[PDB]
Each structure stands twice: as C-alpha cells, then as structure tokens.
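Below sits a lone chain in structure tokens, taken as the form deposited in one PDB entry.
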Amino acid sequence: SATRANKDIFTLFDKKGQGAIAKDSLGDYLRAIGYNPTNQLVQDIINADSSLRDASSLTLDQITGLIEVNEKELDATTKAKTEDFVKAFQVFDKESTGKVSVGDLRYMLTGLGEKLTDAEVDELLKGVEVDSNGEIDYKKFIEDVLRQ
C-alpha cells in the first residue's frame, strides 16, 4: 500500500536506527499498517522465503517485497465479514427471526445513512429471495451482497 505511511510507520519501529526491525515484530508492523494476519500466516509468509527464513531482522525493502508477493492473502484479512453487517438487522429483529420485511429493508436502505434510491433498491431486489409474507432472510441477503 501507500509507501509513505508504510515507511513512516517503519521508522517508529526501527529504534536502533539500523534500517531493520526484529523479525518478531513483523506481525505488529503488518497490523499497524492495516492488515490483520494470524501468527500462522505471518510465519508462513516468512518461511516461504529461504532468504528471509533464518534472518534475524528485516529491512524495509525486504518487508515491502514480502507484502507485494503476498498481497492478495494479506488484503483478504481485511475483508468485510457477514457478521460485521448482521448487527444493523439484529438490533431491530427483537425475536431473532432472522428475517426482515421488504418494506423495512427498503426503508432502512433509502431513508437512513448514505441513502440509496428506490431505483437502486429495485435493481438489488432482482437478486434477492422475497417470501410470500414479504420477508427476506437477512444473513443470506448480506452473504450474497458480499460474495465475489
């Protein structure tokens, strides 16, 4: 990502001023610049590189190269999750039916926040299953929006 930010943040980790940080700080550095890797992923990224594998510290250039060759896996750790959205629906689903009426959904989407229009909602609903009761399974709805 933005080398300007990445580079600045790198300096605050490089207290010895030796142009490199402890290999054990790699996870913290990657979290500080915006990613969310497990310890497993961080270790797998390092071992996948014989040159870095047994190194004691890592420079900015080495870390930048590591990011670029694992960019997709790292970007994926910041992807929106279904669970992040379900809260917008759950607050209003008092009985936890897991369903929202098409009327309430259109209201929420066109009346609040960065309002969508009826015409955007109409287009979206073509890909959405509506009950004979006019109800929509909201986790399924969120999963579909997020898929791809």
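Quick note: we count residues from 1 along the sequence shown, nothing fancier.
*Asks:* Regarding 30-38 and 105-113, which shows the higher C-alpha temperature factor on average in the entry?
*Replies:* Stretch with the greater average CA B-factor: 30-38.
*Asks:* Quick one: say whether 47-55 or 92-100 has the higher mean Cα B-factor in the deposited entry.
*Replies:* Comparing 47-55 with 92-100, the higher mean C-alpha B-factor belongs to 47-55.
*Asks:* Using only the C-alpha B-factors in the record, can you name which of 80, 66, 60, 119 has the highest?
*Replies:* Within the set 80, 66, 60, 119, 80 shows the top C-alpha B-factor.
*Asks:* Would you check the entry's CA temperature factor for residue 19 and let me know if it's in the chain's lowest, middle or highest third?
*Replies:* CA B-factor rank for residue 19: middle third.
*Asks:* Lowest, middle or highest third: where is residue 142 by Cα B-factor in its chain?
*Replies:* Tercile = lowest for this residue's CA B-factor.
Beyond the structure shown, there is the form deposited in another entry, which is absent from this document and is the topic of what follows.
*Asks:* Which single option from 60, 124, 22, 80 is at the hinge, given the motion of the rigid parts between the shown form and the other one?
*Replies:* Of all listed residues, the hinge one is 80.
*Asks:* Shorter or longer C-alpha distance for residue 36 and residue 113 in the other form, given it differs from this form by 3 Å or more?
*Replies:* Distance between the C-alphas of residue 36 and residue 113: shorter in the other form, by 3 Å or more.
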